[PDB]
Amino acid sequence: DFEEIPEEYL
Amino acid sequence: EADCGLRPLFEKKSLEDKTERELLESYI
Amino acid sequence: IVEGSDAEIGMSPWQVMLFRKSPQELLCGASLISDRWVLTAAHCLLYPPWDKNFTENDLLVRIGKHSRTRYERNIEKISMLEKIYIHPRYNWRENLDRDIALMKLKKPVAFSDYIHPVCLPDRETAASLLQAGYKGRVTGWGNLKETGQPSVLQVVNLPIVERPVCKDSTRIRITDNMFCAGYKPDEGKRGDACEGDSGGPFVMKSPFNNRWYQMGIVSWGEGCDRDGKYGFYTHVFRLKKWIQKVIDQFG
Ligand SMILES: CC(C)CCC(=O)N1CCC[C@H]1C(=O)NCc1ccc(C(=N)N)cc1
Ligand code: NA
Ligand code: NA
């Protein structure tokens with residue numbers, strides 16, 4: 001249900 | 001920190017939020 | 001938060017969301033106490049009865065948020081953990097005594113209109129404000145009921161309850177490192193923290209210097225907003241010695 005976060009935060 | 005606890009959009013502008021007065025009134 | 005309201009923008013700029021990397025989801029609330037330190041409940045990170053044991057790399061901290069689900073571009077900041085510190089005498093076996101944990105961020109977060117640290121109480125503030133009947137404020141993105149998730153950060157103001165009433169409301173052994181808050185059935189009004197609000201702050205605004213102080217951490221409760229039951233909070237001032245040590249010797 002969560003908007004995907006920007007890939008750079010992993 | 002020097003500035004803790006002072007919200008930019010409220011205390012720092014002397015604006016009150018809609019229910020903080022409820023807390024103050026309970027501090028008798 | 002049960003029976004709360006939507007927060008105002010920037011109303012709780014110390015509010016932190018503890019967020020799981022995979023699968024991406026809310027784990028807990030938390031609070032910003034300086035540019036590199038975040039305060040939460042120990043049970044958010046370690047709770048063997050539920051097979052919960054998270055490590056630094058399992059998690060992210062999201063700061064400056066309002067929306068629960070949305071990625072709030074140009075507004076929230078997302079931070080990696082350098083290290084987790086749990087109270088060495090956190091009692092997960094019995095009653096969650098000393099339910100407190102510190103998280104150190106990999107890099108400092110930039111303060112902004114929506115990101116700002118809360119104060120931690122000194123002895124005199126704690127003594128003046130932690131009195132039965134005085135109200136604090138709890139915030140979080142947890143459930144709206146015990147069976148139901150909010151679109152945005154929720155807020156509820158609740159009065160501290162006298163220690164004998166706290167104790168008589170439960171079969172759990174209550175300690176000096178906890179306090180409870182909430183309305184009585186006789187009082188009319190209601191509201192409570194709930195699942196997902198864990199680790200979030202209970203704050204009070206000092207009438208002496210008009211600063212917000214975090215007096216508690218959302219820790220535990222039996223159901224949510226049940227008549228005759230109260231939410232329990234870690235007593236931050238009582239555990240200040242440990243907080244200071246950690247930051248002094250690890251910051
Ligand atoms: C062992 C403990 C004293 C009771 C169970 C409990 O509440 N747990 C066991 C593990 C963590 C905590 C929890 O669920 N916290 C979430 C929670 C629940 C209710 C409330 C409330 N104020 N109603 C707040 C947080
Ligand atoms: Na009891
Ligand atoms: Na109740």
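Just so you know, ligand 1 is whichever comes first in the structure, and atom 1 is the first atom listed for that ligand. Values below: all heavy atoms of this structure, side chains included; hydrogens, waters and symmetry mates excluded. First the proteins, then the strands, lettered A, B, ... as listed; each starts at 1.
- Under the 4.0 Å criterion applied to side-chain N and carboxylate O atoms, C/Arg190 and C/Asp227 are assigned as salt-bridge partners.
- When non-hydrogen atoms are compared, ligand 1 lies under 4.0 Å from neither the backbone nor the side chain of C/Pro49.
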Exercise. Does the pair C/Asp97 and C/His87 meet the rule for a side chain to side chain donor-acceptor pair (under 3.5 Å), with working shown?
Worked result: CA-CA 10 Å; C/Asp97 198 15; C/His87 199 105; over 6 Å; no
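- In terms of polar-atom proximity, defined here as any N/O pair under 3.5 Å, C/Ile172 makes no such contact with ligand 1.
- For ligand 1, one of its N or O atoms has an N or O atom of C/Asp192 under 3.5 Å away.
- The ligand atoms of ligand 1 that sit less than 4.0 angstrom from a heavy atom of C/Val218 are 24 (C), 25 (C).
- Under a 4.0 Å N-O distance rule, the pair B/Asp17/C/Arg137 qualifies as a salt bridge.
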Problem set entry | Residue pair B/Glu11, C/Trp212: steps toward the side chain to side chain donor-acceptor pair (under 3.5 Å) verdict | CA-CA 10 Å; B/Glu11 288 78 24; C/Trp212 292 88; 2.8 Å; yes
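- Closer than 3.0 Å to the Na ion (ligand 2) sit the protein N, O or S atoms C/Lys167 O, C/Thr170 O.
- C/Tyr230 does not count as a contact of ligand 1, since none of its heavy atoms falls under 4.0 Å from the ligand.
- Closest heavy-atom contact between B/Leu24 and C/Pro207: CD2-CB, 4.1 Å.
- No salt bridge links B/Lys18 with C/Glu8; every basic N to acidic carboxylate O contact stays at or beyond 4.0 Å.
- Ring pair C/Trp92/C/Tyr47: centre-to-centre distance not below 6.0 Å.
- Contacts between C/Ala193 and ligand 1 below 4.0 angstrom, taking non-hydrogen atoms only, involve backbone and side chain alike.
- Atoms of ligand 1 lying under 4.0 Å from any heavy atom of C/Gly231, numbered from 1 in the order shown and given with element: 22 (N).
- Every heavy atom of C/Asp197 sits 4.0 Å or more from the atoms of ligand 1.
- Legend: ring-ring contact (aromatic ring centres under 6.0 Å, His included) pairs involving residues 4-27 of chain B, not counting sequence neighbours, sorted by first then second residue: B/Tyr27-C/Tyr134.
- Backbone or side-chain N, O or S atoms of C/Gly182 do not reach the Na ion (ligand 3) at under 3.0 Å.
- The distance between the ring centers of C/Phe250 and C/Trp37 does not fall below 6.0 angstrom.
- Counting heavy atoms from C-beta outward, C/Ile100 and C/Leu39 have side chains that approach closer than 4.5 Å.
- A salt bridge does not link C/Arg73 to A/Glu3: none of the charged nitrogens lies less than 4.0 Å from a carboxylate oxygen.
- If you number the atoms of ligand 1 from 1 as listed, the ones under 4.0 Å from a heavy atom of C/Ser198 come out as 15 (N), 16 (C).
- Taking only non-hydrogen atoms, the option from C/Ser219, C/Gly191, C/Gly221, C/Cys224 nearest to atom 15 (N) of ligand 1 is C/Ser219.
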